[PDB]
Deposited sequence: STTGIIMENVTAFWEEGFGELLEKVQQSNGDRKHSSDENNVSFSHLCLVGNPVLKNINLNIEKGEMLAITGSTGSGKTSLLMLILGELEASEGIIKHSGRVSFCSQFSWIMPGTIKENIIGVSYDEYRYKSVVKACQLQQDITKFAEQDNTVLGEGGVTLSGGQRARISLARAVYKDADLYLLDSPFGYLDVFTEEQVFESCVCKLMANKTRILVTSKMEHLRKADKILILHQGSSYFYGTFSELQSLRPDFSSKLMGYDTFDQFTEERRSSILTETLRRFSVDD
């Protein structure tokens, strides 16, 4: 299914703040009824991929919450129908095997192995005696951050949905693996799934069908990657002018995005 937002604005509501902390003063923003997002416009066709990026605390996660219906659109129109699958920035793990963590209600062999392979989990499970039957405890505390993220991504991807919301799965040190995952999973396996990827990597904007850049709760840019280069030349030149920007830490990339966005308001 597609997704459309026409001139959407959303305000800080009581309880959204405490909800926000878990997926990653409040009551003051709530009292003055400040916008967390203002005049958001996007039109994503079925099967397209939208890359969302922006400065830190620009309202990327909230945009996702708006789609989940955890945050209401006081103004504007949000159109989309169907199941949503959400992969939060916080990578969670329930007691049980790796396999059991990925599988939802129904187990289906071809689907499962396809998701495991595309999420690059084969490289992981081959290091364990019991492979994907290996038992994990709550939080999967001895895995790497990348391993928890790939498992949690595979769980969300395995889910049969019409729209996938992937909040920042590509933010860890094992960047070459992340490059493979992005290619195999987001670009190939999910090529025909409508998907929104929150990201701080330029390769992802370059490969996206549509791009939304957020800053201070507003749309700094929305369009194609071609359009970004010609319409936001200052931003583009600074960001593409890097050698291997995508291999900086998540923190440095976000820091650069923020500084650049602040600069070119």
Q. Missing C-alpha stretches, by deposited numbering?
A. 1-2, 27-41, 283-285
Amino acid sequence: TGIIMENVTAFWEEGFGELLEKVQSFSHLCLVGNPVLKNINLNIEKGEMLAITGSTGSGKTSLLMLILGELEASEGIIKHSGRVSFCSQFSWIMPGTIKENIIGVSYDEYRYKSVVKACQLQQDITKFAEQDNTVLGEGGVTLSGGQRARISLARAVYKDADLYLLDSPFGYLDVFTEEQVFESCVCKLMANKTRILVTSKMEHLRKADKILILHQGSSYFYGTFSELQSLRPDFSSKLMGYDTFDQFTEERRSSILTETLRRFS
From here on, numbers count along this sequence of modelled residues.
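Superpose the two forms; the largest set of C-alphas matching within 1.5 Å is the rigid core.
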Q. Fit on the core, then compare CA atoms: does 123-131 or 98-106 lie farther from this form in 8 other deposited structures of this protein?
A. 98-106
**Q.** Higher-deviation stretch (C-alpha RMS, rigid core fit) in 8 other deposited structures of this protein, choosing from 133-141 and 169-177
**A.** 133-141
Q) At least a third of the other compared entries lacking residue 24? A) yes
Q: Could you settle it for me: does 139-147 or 99-107 have the higher average Cα B factor in the PDB entry?
A: 99-107
Q: Could you check which stretch, 130-138 or 78-86, carries the larger mean CA temperature factor in the entry?
A: 78-86
Q: Have a look at 200, 41, 226, 56 and flag the one whose Cα has the highest B-factor in the entry.
A: 226
Q | Residue with highest C-alpha B-factor in the PDB entry, from 204, 60, 28, 210 | A | 28
Q. Taking the entry's C-alpha B-factors for this chain, is residue 189 in the lowest, middle or highest third?
A. middle
(Q) Per the entry's values, where does residue 231 land by CA temperature factor relative to the rest of its chain, in the lowest, middle or highest third? (A) highest
Q) Of the three thirds of its chain by CA temperature factor, lowest, middle or highest, which one includes residue 121? A) middle
Q. Based on the entry's values, in what third of the chain does the Cα temperature factor of residue 32 lie: lowest, middle or highest?
A. highest
**Q.** For residue 174, the third of its chain into which the C-alpha B factor falls
**A.** lowest
